[PDB]
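J.: Dropping the structure in here first, questions after.
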Amino acid sequence: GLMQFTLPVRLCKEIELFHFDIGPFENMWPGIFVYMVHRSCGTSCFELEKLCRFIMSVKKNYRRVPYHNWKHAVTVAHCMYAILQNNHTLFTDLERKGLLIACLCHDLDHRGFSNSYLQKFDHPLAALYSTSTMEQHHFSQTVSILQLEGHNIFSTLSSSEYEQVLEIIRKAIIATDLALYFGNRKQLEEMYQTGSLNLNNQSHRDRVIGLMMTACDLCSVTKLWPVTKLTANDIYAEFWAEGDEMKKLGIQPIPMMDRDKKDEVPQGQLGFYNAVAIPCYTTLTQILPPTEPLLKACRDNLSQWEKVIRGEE
Ligand SMILES: Cn1cc(-c2ccccc2)nc1C#Cc1ccc2nc(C3CC3)c(CO)n2n1
Ligand SMILES: [Mg+2]
Ligand SMILES: [Zn+2]
């Protein structure tokens, strides 16, 4: 109760910034997460014994794939942490509690394959869940771990607070399905621009928490160039493995997933920044102005990909 988590000085300072990288020491990632819960939520939010047991079960249910792994989960939670700390007064006690947990859990038991590959393979999960296939699975795995003995970090909540927090987490995790992001941002664009965006409207909050989830999920484009660039290698290593698997089913994959079309990576990054990342962080900065550093860092990395194309690296 009188037990703080503290971090070495460089981490204690750098963890508050959007562009923080959690480092290559896996054994420090739980401590980093707990540190972030304590400052974002309070040391009273979760029974420490229960939190540590929940963190370790979550970790154990991430797989050793190149990108969609335990480091991705803690990275996406840290970005949520930065957004929540730079927008103190906008969010409920429940929202702060649910959103860091949603982010840690958002890709539970990911196999490194898209919803599309599950559907073309005819994976059982695509019969159980016809849309947002992996995301409904991730929420399912979250509920499972929460129901393990000694793992109910929410046990102290009222029946109905418990229900509101699992419903925040469910919507938050579903929203990481990028197919859903495009319409969600178009609506947020229109509501902000016509002046109708209202944060007391629960369906408006939902959309806004949705956009933050896309922003956190994509935060590798908001890091220092060497982090961003090395993460792109992990991202493509899954996509190309997925393309291999498409070819094994007798299907030409899209070029994004075709390791034979590596040479066109720089132009694909451009499309992605222009079609996905920039619009995401633009609309996010409009709604939540202290998130501007994410937009500024994304634009800097877009300009680094422009340099790659011009053969200036
Ligand atoms: C649309 N597209 C087409 C091609 C392409 C085409 C032909 C040949 C080679 C490549 N590449 C893309 C892109 C990809 C892609 C997808 C998701 C994603 N999340 C992130 C960060 C959030 C972690 C990044 C990093 O920027 N990405 N990058
Ligand atoms: Mg995901
Ligand atoms: Zn993710």
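Here the entry's author numbering is used: the first residue of the sequence shown is 458, the next is one more, and so on. We put the CB at the ideal spot given by N, CA and C, even for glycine.
By alpha-carbon positions, which one of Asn543, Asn609, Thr599 ends up nearest to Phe503?
T.: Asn609
J.: Tell me whether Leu575 is buried or exposed, calling it buried when 16 or more other Cβ atoms sit within 10 Å of its Cβ.
T.: buried
J.: Taking the CB atoms as reference points, tell me whether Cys560 and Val533 lie closer together than 8 Å.
T.: yes
J.: Out of curiosity, what's the CA-to-CA distance linking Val722 and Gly640?
T.: 26 Å
J.: Got a sec? Which residues, its chain only, sit under 8 Å from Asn484 by beta carbon, not counting five neighbours each side?
T.: none
J.: I'd like the ranges of any alpha helix (DSSP H) spanning at least 4 consecutive residues and lying wholly in the region 565-616.
T.: 572-578, 581-585, 590-603
J.: Tell me whether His567 counts as near ligand 4, meaning its Cβ is closer than 7 Å to at least one heavy atom of that ligand.
T.: As presented, the structure is devoid of ligand 4, carrying ligand 1, ligand 2 and ligand 3 as its sole ligands.
J.: Under 8 Å by Cβ, that's how I've got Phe477 and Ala754 pegged, so tell me the actual separation to the nearest angstrom.
T.: Rounded, the Cβ-Cβ distance is 11 Å, inconsistent with contact.
J.: Using a Cβ-Cβ cutoff of less than 6 Å, which residues in the same chain neighbour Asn543 once the five nearest sequence positions on both sides are dropped?
T.: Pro747
J.: Restricting to runs no shorter than 4 residues, where is the alpha helix (DSSP H) found entirely within the region 684-716?
T.: Entirely contained in the region 684-716, not one alpha helix (DSSP H) run reaches 4 residues.
J.: Please confirm whether any heavy atom of ligand 1 lies closer than 7 Å to the CB of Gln726.
T.: yes
J.: Answer yes or no: do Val622 and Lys686 have a C-beta to C-beta separation smaller than 8 Å?
T.: no
J.: Specify, as a first and last residue, the run of the alpha helix (DSSP H) that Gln659 falls within.
T.: 659-674
J.: Whole angstroms is fine: what's the gap from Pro581's alpha carbon to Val522's?
T.: 20 Å
J.: Give every residue whose Cβ lies closer than 5 Å to any heavy atom of ligand 2, listed in chain order.
T.: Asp564, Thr633
J.: Give me, in chain order, the residues of the same chain whose beta-carbon lies closer than 8 Å to that of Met513; leave out the 5 immediate sequence neighbours on both sides.
T.: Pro487
J.: For the region 709-724 against the region 738-745, do three or more pairs of beta-carbon atoms, one drawn from each stretch, fall closer than 8 Å, so that the two count as touching?
T.: no
J.: Between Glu504 and ligand 1, is the CB less than 7 Å from at least one heavy atom?
T.: no
J.: Would you say the beta carbon of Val733 is closer than 7 Å to some non-hydrogen atom of ligand 3?
T.: no
J.: Tell me the DSSP secondary structure of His563 in three-state form.
T.: coil
J.: Could you name the residues of the same chain whose beta carbon sits closer than 6 Å to that of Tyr638, not counting the 5 residues immediately before and after it, in chain order?
T.: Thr671
J.: Report the rounded CA-to-CA distance for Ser677 versus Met460, giving the unit in angstroms.
T.: Spanning the two alpha carbons is a distance of roughly 32 Å.
J.: Let me know the secondary structure DSSP gives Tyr638 once reduced to three states.
T.: DSSP places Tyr638 in the helix class (H, G or I) of the three-state scheme.
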